[PDB]
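Protein chains in written order, with the entry's author numbering: chain C, 177 to 233; chain 1, 3 to 227; chain 2, 323 to 493, 496 to 871. Virtual Cβ for every residue (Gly too), placed ideally from N, Cα, C. I have placed the structure first, in the form of structure tokens, so that the comments after it can refer back to it.
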Amino acid sequence: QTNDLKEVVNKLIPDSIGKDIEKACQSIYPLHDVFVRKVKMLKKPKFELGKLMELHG
Amino acid sequence: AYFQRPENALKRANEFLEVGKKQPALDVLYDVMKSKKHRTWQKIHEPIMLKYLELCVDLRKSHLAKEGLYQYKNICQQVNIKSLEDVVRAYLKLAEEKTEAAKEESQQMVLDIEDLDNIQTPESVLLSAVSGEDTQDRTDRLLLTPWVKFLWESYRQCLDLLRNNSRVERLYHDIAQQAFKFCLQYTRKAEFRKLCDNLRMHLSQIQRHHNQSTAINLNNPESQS
Amino acid sequence: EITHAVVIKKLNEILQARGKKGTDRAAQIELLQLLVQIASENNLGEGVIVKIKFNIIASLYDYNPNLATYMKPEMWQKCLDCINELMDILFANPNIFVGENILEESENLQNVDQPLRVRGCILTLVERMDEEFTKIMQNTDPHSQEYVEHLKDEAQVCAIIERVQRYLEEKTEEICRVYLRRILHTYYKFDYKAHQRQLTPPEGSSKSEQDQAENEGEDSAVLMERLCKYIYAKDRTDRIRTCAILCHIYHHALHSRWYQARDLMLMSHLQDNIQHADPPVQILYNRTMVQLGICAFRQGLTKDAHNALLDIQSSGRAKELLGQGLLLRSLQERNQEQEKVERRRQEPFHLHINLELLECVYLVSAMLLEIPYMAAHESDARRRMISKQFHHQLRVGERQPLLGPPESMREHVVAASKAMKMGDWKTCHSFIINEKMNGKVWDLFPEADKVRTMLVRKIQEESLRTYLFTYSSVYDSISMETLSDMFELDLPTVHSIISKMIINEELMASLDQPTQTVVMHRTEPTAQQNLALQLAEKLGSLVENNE
RNA sequence: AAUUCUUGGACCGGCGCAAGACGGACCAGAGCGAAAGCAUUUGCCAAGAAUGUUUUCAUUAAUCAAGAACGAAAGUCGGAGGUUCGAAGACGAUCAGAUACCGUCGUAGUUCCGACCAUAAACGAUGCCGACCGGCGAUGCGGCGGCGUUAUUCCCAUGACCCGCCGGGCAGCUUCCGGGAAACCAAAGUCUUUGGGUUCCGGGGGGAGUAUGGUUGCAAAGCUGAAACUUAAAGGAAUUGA
Numbered sequence: 177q178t179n180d181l182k183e184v185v186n187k188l189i190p191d192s193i194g195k196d197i198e199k200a201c202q203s204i205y206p207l208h209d210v211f212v213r214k215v216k217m218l219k220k221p222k223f224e225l226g227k228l229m230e231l232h233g
Numbered sequence: 003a004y005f006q007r008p009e010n011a012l013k014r015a016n017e018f019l020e021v022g023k024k025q026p027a028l029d030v031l032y033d034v035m036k037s038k039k040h041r042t043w044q045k046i047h048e049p050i051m052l053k054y055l056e057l058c059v060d061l062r063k064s065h066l067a068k069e070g071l072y073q074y075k076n077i078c079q080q081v082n083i084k085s086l087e088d089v090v091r092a093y094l095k096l097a098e099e100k101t102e103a104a105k106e107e108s109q110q111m112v113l114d115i116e117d118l119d120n121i122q123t124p125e126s127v128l129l130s131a132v133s134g135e136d137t138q139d140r141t142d143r144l145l146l147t148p149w150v151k152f153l154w155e156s157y158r159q160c161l162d163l164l165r166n167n168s169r170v171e172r173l174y175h176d177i178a179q180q181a182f183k184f185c186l187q188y189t190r191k192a193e194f195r196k197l198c199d200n201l202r203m204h205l206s207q208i209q210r211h212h213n214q215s216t217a218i219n220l221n222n223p224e225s226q227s
Numbered sequence: 323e324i325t326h327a328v329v330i331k332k333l334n335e336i337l338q339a340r341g342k343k344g345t346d347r348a349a350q351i352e353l354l355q356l357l358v359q360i361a362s363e364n365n366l367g368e369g370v371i372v373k374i375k376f377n378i379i380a381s382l383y384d385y386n387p388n389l390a391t392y393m394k395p396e397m398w399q400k401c402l403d404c405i406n407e408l409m410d411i412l413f414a415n416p417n418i419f420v421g422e423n424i425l426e427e428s429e430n431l432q433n434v435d436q437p438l439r440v441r442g443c444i445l446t447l448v449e450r451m452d453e454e455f456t457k458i459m460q461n462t463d464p465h466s467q468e469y470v471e472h473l474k475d476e477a478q479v480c481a482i483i484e485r486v487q488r489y490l491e492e493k496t497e498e499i500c501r502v503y504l505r506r507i508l509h510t511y512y513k514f515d516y517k518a519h520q521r522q523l524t525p526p527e528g529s530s531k532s533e534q535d536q537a538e539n540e541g542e543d544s545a546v547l548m549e550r551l552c553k554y555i556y557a558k559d560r561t562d563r564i565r566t567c568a569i570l571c572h573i574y575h576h577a578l579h580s581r582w583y584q585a586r587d588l589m590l591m592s593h594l595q596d597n598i599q600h601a602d603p604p605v606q607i608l609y610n611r612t613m614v615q616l617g618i619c620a621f622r623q624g625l626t627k628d629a630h631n632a633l634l635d636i637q638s639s640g641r642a643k644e645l646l647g648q649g650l651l652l653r654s655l656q657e658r659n660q661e662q663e664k665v666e667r668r669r670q671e672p673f674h675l676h677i678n679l680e681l682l683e684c685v686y687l688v689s690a691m692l693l694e695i696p697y698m699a700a701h702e703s704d705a706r707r708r709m710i711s712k713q714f715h716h717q718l719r720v721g722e723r724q725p726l727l728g729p730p731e732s733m734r735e736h737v738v739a740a741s742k743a744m745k746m747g748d749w750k751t752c753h754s755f756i757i758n759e760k761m762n763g764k765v766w767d768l769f770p771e772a773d774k775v776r777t778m779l780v781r782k783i784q785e786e787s788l789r790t791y792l793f794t795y796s797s798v799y800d801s802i803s804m805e806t807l808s809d810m811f812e813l814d815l816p817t818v819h820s821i822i823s824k825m826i827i828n829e830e831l832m833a834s835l836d837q838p839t840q841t842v843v844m845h846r847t848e849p850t851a852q853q854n855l856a857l858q859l860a861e862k863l864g865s866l867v868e869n870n871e
């Protein structure tokens with residue numbers, strides 16, 4: 177929620193989210209195979225050009 | 003089984019630093035150093051270990067710099083310890099260069115507002131002015147002392163466990179000299195241990211010799227120089 | 323919103339999950355807060371809020387599950403605000419707000435037992451607060467900047483304990501509790517606090533009615549301890565006349581008279597009486613008894629101070645004044661100690677008192693046994709600096725001193741061979757910041773006591789030491805050499821005639837004294853009699869043995 | 001193989017859109033429920049066993065003709081809906097014949113709301129309440145005690161493991177408890193040494209759950225239920241052959 181898509185995909189390339197949940201749920205019941213199984217894109221913004229042309233270096 | 007092609011270890015460690023998560027970035031590299039991939043110093047092991055000890059310094063963990071160097075030297079035997087020597091020298095240079103920057107900033111920027119601060123005593127220090135002294139010491143402790151108790155440990159570290167007797171090592175007496183030169187820049191109680199460690203490891207030296215230990219004798223370098 | 327027919331009946335449905343397991347502990351103060359920020363009508367948001375708030379702060383303290391752990395700074399400041407508002411709306415509302423008939427509502431709830439034990443549910447809030455504040459202090463690194471950031475609330479606390487004190491609708497009888505509280509904050513407030521409310525001398529400077537508002541505080545121990553003592557000779561408990569008097573004794577020290585506070589400490593007779601109280605009383609007794617010896621020294625009473633500060637330093641377990649000392653023997657009880665431990669800024673410095681034993685003995689050793697140390701041994705005192713003197717000349721490479729003991733002994737030995745400035749100007753180099761000179765709340769008055777006590781015990785060096793082949797003696801120049809008041813160094817040489825009985829002849833109309841001291845080698849065949857004494861002593865003991 | 005679909009571009013591949021069903025793998029001789037039965041998330045509503053108890057009432061209890069609540073699937077009437085599958089039926093094959101098995105279609109139905117019907121190998125083919133009589137290892141829930149491991153790094157303290165004990169539950173293994181025609185059953189045992197309490201119900205096989213009367217239902221049908229006549233066996237467990 178707190179940051180933009182470029183930084184969210186940068187998190188998905190490792191599994192930084194999957195590590196964080198595996199650390200938080202140690203006290204409740206220790207997990208091992210914690211992955212972000214899937215991501216679906218539901219609604220996208222108004223297609224500008226400068227956004228993608230700076231996402232492409 | 004975490005890694006096929008141990009070059010990938012660095013790719014994930016760098017990829018975790020794209021997020022800014024240094025703990026899981028370290029976790030990867032430590033998990034890689036300690037497994038089947040003990041093939042005598044692959045050219046990849048230099049940047050693996052160098053990034054590993056960079057992260058270990060930034061997180062301020064002595065025990066993990068101990069472990070990394072202890073795994074590296076085991077796999078990096080006399081076949082080539084040229085890289086171990088450059089690894090330990092780099093690790094020590096990172097530690098002492100960050101402490102220089104830590105003194106500089108916590109002894110200027112925060113001590114320059116401390117020159118402007120309420121030195122015209124408030125009651126809060128008039129209670130504390132029966133045990134302690136100057137506010138420069140009361141602040142620099144908070145931001146500089148955490149790094150010098152890491153430096154000292156990092157000098158005891160590389161001298162204590164990595165270099166006992168060890169025939170192959172001039173770098174021992176290099177670190178020793180550079181840590182004696184460290185003493186008269188900063189705190190002084192990390193020198194009583196310095197002298198007594200040099201002595202205790204001399205008592206470890208002159209008794210048995212059942213390794214590739216120093217033949218303390220006519221051999222001018224290892225004994226005299 | 324409805325005439326406390328919904329408010330007192332929700333207050334109870336939200337103050338029922340207090341301390342139950344699945345309450346969450348956190349989203350409770352919220353529901354207790356949404357009964358003064360949602361309540362906004364007369365005695366419905368304004369008047370009965372005494373009760374809603376009593377249960378708002380009580381639950382706020384209970385954000386901590388443990389009672390051996392410290393509160394956090396956010397809820398801590400929240401408490402210090404939450405407590406203040408109650409006091410300010412209680413002052414200008416002259417009524418008893420858990421009962422006691424006033425009009426009809428919304429007070430007068432005498433249906434529940436009696437408005438005293440929950441009318442005195444106001445000080446047990448601020449008393450629990452004072453016991454809370456100590457946890458914040460005990461659980462911080464003392465050398466850190468967070469410690470002084472935390473001590474900035476010491477001022478905030480002492481304003482609220484003053485406000486609850488001004489609230490004298492008591493029924496001294498039972499406000500004694502917050503008198504003990506108030507004096508337990510002020511009893512160790514130092515000279516700069518005590519003196520500098522009158523020591524700007526009373527003229528057109530500081531005796532006006534609007535400035536003489538903080539000079540009440542030094543003569544407050546006398547105002548309040550008098551009551552808390554002489555009412556509890558009648559009243560039941562032990563702690564609120566014994567903590568009170570030891571606060572009075574400790575406060576009448578460190579600025580005022582040795583004679584004033586010895587009468588109080590003898591009056592109590594705790595020397596042999598305090599045996600069977602609790603250690604949290606036996607600790608501040610030790611703090612007081614150490615402050616006795618320091619005050620006696622600082623005054624210049626340099627053997628009655630030594631005769632007092634023996635068994636504390638004699639034992640290595642002198643850490644009854646500080647944090648916990650040595651390792652093992654009962655982890656189970658060592659856990660109990662680290663919440664007994666006294667707060668940091670209250671602790672008296674320990675290389676300050678090590679430099680009070682090993683200087684009171686320096687003035688009752690480097691003088692006393694120099695008269696029987698002409699090979700004339702039979703006055704031997706084997707508990708002194710010698711505990712140090714044995715060991716820090718028992719080594720070979722000795723240069724400029726660094727510690728307290730060497731930086732004391734290294735000019736002790738050259739105070740022995742009088743050298744009147746070599747003995748002095750090694751006690752006033754870097755000691756001042758090493759907590760000898762500055763650390764006492766007097767800058768140049770402890771040294772003015774000390775160096776005078778040196779300048780007198782450095783004419784009493786010619787007495788026992790340099791009198792060998794002296795047949796004529798000088799007196800005008802001897803006081804001019806040691807830059808002292810001539811009479812002040814005449815009266816101890818006078819003492820040495822009636823006390824030490826030196827083999828010398830006084831004729832002080834001329835201000836000279838011929839000595840005629842010739843025992844030079846008459847004393848050595850009686851160095852052979854020192855033992856023919858032991859011969860003669862025991863042949864007055866062999867038949868005691870035998871018959 | 002054929003009936004079917006397809007150069008008015010089927011099948012295969014991509015991006016979307018709608019629809020109505022259904023909750024895989026995790027899923028177990030695991031759990032809950034009076035039985036039928038019950039599985040994506042989250043919220044709301046009332047219920048419930050077991051455990052814990054130095055709380056409370058003081059025999060208020062067990063089983064039950066009459067009477068009553070729920071009752072899979074199919075099925076009937078009314079409204080909404082119709083993706084899949086599919087009694088009827090339309091064919092295509094195989095076959096001596098196929099009115100079936102196999103294959104392409106396919107109405108009722110399958111799904112939801114509201115009225116009915118009240119039956120299943122509705123099974124543990126085994127009524128309920130209570131007491132007594134071997135051992136072992138696990139398991140699900142609650143409690144209790146104890147080296148040690150791991151997270152909260154500060155570990156008080158909770159969670160994940162480990163070792164035992166207690167009580168309720170689903171089951172398992174084992175034995176000359178004992179029983180039984182045996183298969184087998186710690187209950188199907190404590191039965192000629194026959195008696196703890198109580199409800200329902202069986203009397204050789206057919207005829208027959210048929211006829212008839214009554215009653216319930218719109219219908220289908222449900223509950224109660226004989227006789228004449230025929231017959232020497234029908235049947236249960238286990239053995240040896242084919």
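Excluding residues up to 5 positions away in sequence, 35, 36 lie with their Cβ nearer than 7 Å to the Cβ of residue 73 (chain 1) in the same chain. In the DSSP assignment, residue 831 (chain 2) forms a beta bridge with 836 (chain 2). Residue range 64-77 is occupied by the alpha helix (DSSP H) that includes residue 77 (chain 1). By the CB criterion at 8 Å, residue 482 (chain 2) and residue 405 (chain 2) fall inside the cutoff. Comparing C-alpha distances from residue 169 (chain 1) to each of 133 (chain 1), 219 (chain 1), 139 (chain 1) shows the shortest one belongs to 219 (chain 1). Using a 10 angstroms sphere on the CB of residue 184 (chain C), the tally of other CB atoms stays under 16, which defines it as exposed. Residue 701 (chain 2) and residue 860 (chain 2) have their alpha carbons spaced roughly 16 Å apart. Distances from the alpha-carbon of residue 22 (chain 1) to those of 61 (chain 1), 115 (chain 1), 126 (chain 1) put 61 (chain 1) closest.
Residue 438 (chain 2) and residue 496 (chain 2) have their C-alpha atoms some 16 Å from each other.
Interface annotation, residue 327 (chain 2): not in contact with chain 1, CB-CB separation never under 8 Å. When DSSP states are grouped into helix, strand and coil, residue 366 (chain 2) belongs to the strand group. In this structure, residue 469 (chain 2) and residue 668 (chain 2) form a Cβ contact; the two beta carbons are roughly 7 Å apart against a cut-off of 8 Å. Residue 671 (chain 2) has a beta carbon lying within less than 8 Å of a beta carbon in chain 1.
In the DSSP secondary-structure assignment, residue 764 (chain 2) is bridged to 762 (chain 2).
The Cβ of residue 20 (chain 1) sits closer than 8 Å to at least one Cβ of chain C. The beta-carbon of residue 156 (chain 1) is placed no less than 8 Å from the nearest beta-carbon of chain 2. When the Cα atoms are used, residue 740 (chain 2) and residue 146 (chain 1) turn out to be separated by approximately 45 Å. Counted as a single uninterrupted DSSP element, the stretch harbouring residue 83 (chain 1) is not any alpha helix (DSSP H), since DSSP gives it neither H nor E. Just measuring C-alpha positions, the residue of 478 (chain 2), 664 (chain 2), 827 (chain 2) sitting nearest residue 789 (chain 2) is 827 (chain 2). Taken through DSSP and simplified to helix, strand or coil, residue 187 (chain C) comes out as helix. Taking residue 598 (chain 2) as the centre and dropping the five residues before and after it, the same chain places the C-beta of 609 closer than 6 Å to its C-beta, in chain order. Using a Cβ-Cβ cut-off of 7 Å, residue 23 (chain 1) is close to 192 of chain C, given in chain order.
Taking 8 Å as the cut-off, the beta carbon of residue 173 (chain 1) is found no closer than this to the beta carbon of residue 473 (chain 2). At a cut-off of 8 Å between C-beta atoms, residue 17 (chain 1) counts as an interface residue with respect to chain C. Contiguous alpha helix (DSSP H) elements confined to the stretch 696-773 of chain 2 occur at 710-713, 728-740, taking only those with 4 or more residues. Around the CB of residue 190 (chain C), 16 or more other CB atoms lie within 10 Å, so the residue is classed as buried. The beta carbon of residue 208 (chain 1) lies closer than 7 Å to those of 218 in the same chain, with the five residues before and after it left out.
Exposure of residue 414 (chain 2) is indicated by the presence of fewer than 16 other C-beta atoms within 10 angstroms of its C-beta.
The C-alpha of residue 335 (chain 2) is placed about 14 Å away from the C-alpha of residue 349 (chain 2). Here the alpha carbon of residue 365 (chain 2) sits roughly 24 Å from the alpha carbon of residue 402 (chain 2).
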